[PDB]
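J.: One structure is given below, represented as structure tokens, and several questions about it will come after.
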Amino acid sequence: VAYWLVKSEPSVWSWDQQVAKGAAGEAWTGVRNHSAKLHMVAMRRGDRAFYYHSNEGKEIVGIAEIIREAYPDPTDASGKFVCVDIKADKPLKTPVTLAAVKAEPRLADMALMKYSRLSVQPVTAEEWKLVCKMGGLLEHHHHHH
């Protein structure tokens with residue numbers, strides 16, 4: 001149960017595409033990048049990541065959750081690679097563009113602003129909270145009185 005950030009291109013994998021697969025889940029397979037793999041090994045069921053659209057959009061539009069432990073990638077018959085199942089939990093009210101990330105000096109020191117080439121990034125509680133809150137995810141019906 002940690003916070004991560006995954007980069008997906010809408011031409012390959014769209015948002016609605018994953019929303020319609022919310023209760024289904026998709027296996028993040030074919031990860032030949034060992035850095036991303038290493039981070040995904042730390043992932044367990046309940047871990048949550050930022051669904052960031054790369055290439056087209058360059059914006060975080062929703063929250064994804066891991067719904068299966070890191071198991072050997074079905075593409076590899078030696079168990080040399082692993083994969084987890086991701087789902088769409090809920091989207092953000094305001095999409096967090098990379099430009100918006102640049103607008104916050106605090107998030108300007110996040111891995112997202114350091115290594116755009118890094119697919120799967122680690123996010124801490126405060127970073128997670130800040131970005132979500134920055135994306136208009138201020139659910140405040142907790143009190144009207």
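Quick note on naming: the chains in the structure tokens go A, B, ... in the order shown, residues restart at 1 in each chain, and ligands are numbered from 1 in order of appearance.
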Applying 7 Å and only C-alpha atoms, which residues near residue A:119 remain after dropping the ones on its own chain fewer than 5 positions away? List them as a list in words.

T.: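 Using only C-alpha atoms, the neighbours found are residues 6, 7 and 36 of chain A.
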
J.: Among the residues of chain A, find those DSSP assigns to strand (DSSP E) from the backbone and print them as JSON, numbers by chain.

T.: {"A": [3, 4, 5, 6, 7, 8, 26, 27, 48, 49, 50, 51, 52, 53, 59, 60, 61, 62, 63, 64, 65, 66, 67, 68, 69, 70, 71, 72, 82, 83, 84, 85, 86, 87, 88, 89, 90, 91, 92, 93, 94, 95, 96, 97, 121, 122, 123]}

J.: If DSSP is run on the backbone, what residues of chain A are alpha helix (DSSP H)? A reply as a ChimeraX atom specification would be ideal.

T.: /A:15-19,34-42,98-103,111-114,125-134

J.: Those residues with C-alpha atoms, as a PDB file, in the first residue's frame please?

T.:
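Just written: result.pdb:
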ATOM      1  CA  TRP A  15      -8.772   6.464 -19.691  1.00  0.00           C
ATOM      2  CA  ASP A  16     -12.313   5.283 -20.496  1.00  0.00           C
ATOM      3  CA  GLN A  17     -10.549   2.146 -21.682  1.00  0.00           C
ATOM      4  CA  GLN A  18      -9.472   1.443 -18.098  1.00  0.00           C
ATOM      5  CA  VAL A  19     -12.680   2.772 -16.515  1.00  0.00           C
ATOM      6  CA  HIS A  34      14.000  -3.031 -14.859  1.00  0.00           C
ATOM      7  CA  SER A  35      13.647   0.279 -13.015  1.00  0.00           C
ATOM      8  CA  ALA A  36       9.882   0.261 -13.562  1.00  0.00           C
ATOM      9  CA  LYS A  37       9.833  -3.458 -12.762  1.00  0.00           C
ATOM     10  CA  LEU A  38      11.731  -2.876  -9.503  1.00  0.00           C
ATOM     11  CA  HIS A  39       9.118  -0.354  -8.379  1.00  0.00           C
ATOM     12  CA  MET A  40       6.277  -2.639  -9.429  1.00  0.00           C
ATOM     13  CA  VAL A  41       7.711  -5.450  -7.290  1.00  0.00           C
ATOM     14  CA  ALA A  42       7.182  -3.227  -4.250  1.00  0.00           C
ATOM     15  CA  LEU A  98       2.784  18.532 -16.488  1.00  0.00           C
ATOM     16  CA  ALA A  99       2.520  22.314 -16.780  1.00  0.00           C
ATOM     17  CA  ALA A 100       0.456  22.348 -13.585  1.00  0.00           C
ATOM     18  CA  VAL A 101       3.164  20.272 -11.910  1.00  0.00           C
ATOM     19  CA  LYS A 102       5.643  22.982 -12.904  1.00  0.00           C
ATOM     20  CA  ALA A 103       3.393  25.606 -11.304  1.00  0.00           C
ATOM     21  CA  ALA A 111      10.336  12.413  -9.860  1.00  0.00           C
ATOM     22  CA  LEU A 112       7.797  13.467 -12.512  1.00  0.00           C
ATOM     23  CA  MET A 113       9.771  16.684 -13.010  1.00  0.00           C
ATOM     24  CA  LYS A 114      13.124  14.935 -12.682  1.00  0.00           C
ATOM     25  CA  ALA A 125       1.932  10.691   0.949  1.00  0.00           C
ATOM     26  CA  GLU A 126       2.326  14.470   0.855  1.00  0.00           C
ATOM     27  CA  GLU A 127       3.113  14.492  -2.874  1.00  0.00           C
ATOM     28  CA  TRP A 128       0.092  12.261  -3.529  1.00  0.00           C
ATOM     29  CA  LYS A 129      -2.115  14.437  -1.337  1.00  0.00           C
ATOM     30  CA  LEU A 130      -0.845  17.660  -2.912  1.00  0.00           C
ATOM     31  CA  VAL A 131      -1.331  16.530  -6.526  1.00  0.00           C
ATOM     32  CA  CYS A 132      -4.820  15.126  -5.910  1.00  0.00           C
ATOM     33  CA  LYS A 133      -5.808  18.258  -3.998  1.00  0.00           C
ATOM     34  CA  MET A 134      -4.255  20.312  -6.800  1.00  0.00           C
TER      35      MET A 134
END

J.: Work out how far apart atom CA of residue A:59 and atom CA of residue A:9 are and give it in Å to one decimal.

T.: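 Here the two named atoms are 10.3 Å from each other.
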
J.: For residue A:10, please output as a list in words all residues within 8 Å (counting only C-alpha atoms; exclusion window: fewer than 4 positions along the same chain).

T.: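 What passes the distance filter is residues 14, 15, 53, 54, 55 and 56 of chain A.
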
J.: For residue A:90, which residue among A:138, A:1, A:120, A:64 is the nearest when counting only C-alpha atoms?

T.: A:64

J.: Just give me the gap between atom CA of residue A:5 and atom CA of residue A:63 in Å, one decimal is fine.

T.: 9.2 Å

J.: Let me make sure I understand: among A:2, A:23, A:108, A:12, which one has the smallest atom-to-atom distance to residue A:86 if we use only C-alpha atoms?

T.: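 Once distances to residue A:86 are computed over only C-alpha atoms, the minimum belongs to A:23.
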
J.: How far is it from atom CA of residue A:24 to atom CA of residue A:93, in Å with one decimal?

T.: 23.2 Å

J.: Under the rule that only C-alpha atoms are counted, which of A:73, A:109, A:26, A:85 is the nearest residue to residue A:45?

T.: A:85

J.: Which residues come within 6 Å of residue A:61, counting only C-alpha atoms, excluding same-chain residues fewer than 2 positions away, as a PyMOL selection string?

T.: chain A and resi 91-92+95

J.: Smallest atom-to-atom distance to residue A:110: which of A:89, A:4, A:57, A:135, using only C-alpha atoms?

T.: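 Among A:89, A:4, A:57, A:135, it is A:4 that comes nearest to residue A:110.
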
J.: Between A:58, A:32, A:141, A:21, single out the one closest to residue A:75, counting only C-alpha atoms.

T.: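 Answer, going by the shortest atom-to-atom distance: A:32.
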